[PDB]
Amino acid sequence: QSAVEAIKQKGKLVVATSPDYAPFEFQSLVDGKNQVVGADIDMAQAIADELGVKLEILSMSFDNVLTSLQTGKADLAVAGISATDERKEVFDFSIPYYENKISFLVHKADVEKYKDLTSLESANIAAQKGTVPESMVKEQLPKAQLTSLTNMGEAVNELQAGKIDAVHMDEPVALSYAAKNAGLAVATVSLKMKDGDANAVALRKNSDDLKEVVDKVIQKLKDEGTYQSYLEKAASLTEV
């Protein structure tokens, strides 16, 4: 019943994530080898360090991250996860570690074009399966052709190929794609967003002892501006 003691005993903290989402988590050539990096990984490492155990990152597609936590394949899920009311019915969440807006990534040549929701309504929109940006499009733009894709990298590949006109995603991720790729930009139009709902670490219910440790680490990061600093450092890394 003791999450903290169980983690200490096995000597590792297992964190489920989906590394398709720079600057939160993504793949980068460190040395040498492909490695999962990003602000969420630095935070997960801080939590593991506080507990005195090794960090083990378990990579999968986003739409299976919460399920893997729920069924015991990981101790925590950290994947830029919005702490929604719906999700709070099933999981407990840490205090928020970062709060951001939600944006559309488009072609630079189309920034003047997609100025309102009516214009997006007639566009081919992509979003990630099992996500808040996906739900928002379904709710607020029901008349749009929405393509739901498992992997965010594939959504962006479809945007680059011209099969998709706009991809809905967390703003820091859109900014990163725009900053690292010539033909891309963040649209000036955005959907109405669910008040509250910041990123938080997900845990199984009745994990109060582990939640306290996670909250302590997160509060210290926010107090020192460290999570912001982690995001800025991640932005200087190249993705695979």
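Throughout, we count residues from 1 along the sequence that is shown.
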Per the entry, where is the mean C-alpha temperature factor higher: 25-33 or 57-65? 25-33
Using only C-alpha atoms and the B-factors in the entry, which stretch averages higher, 139-147 or 74-82? 139-147
Please work out which residue in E171, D197, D42, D208 has the highest C-alpha B-factor recorded for this crystal structure. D197
Name the one of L120, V132, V167, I95 with the greatest CA B-factor according to the PDB entry. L120
Assert third(CA B-factor, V214) within chain per record equals lowest
CA B-factor placement of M152, once the chain's modelled residues are sorted into thirds: middle
Based on the entry's values, in what third of the chain does the Cα temperature factor of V189 lie: lowest, middle or highest? highest
What third of its chain, lowest, middle or highest, does the C-alpha temperature factor of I47 fall into? middle
So where's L159 on the chain's Cα temperature factor ranking, which third? lowest
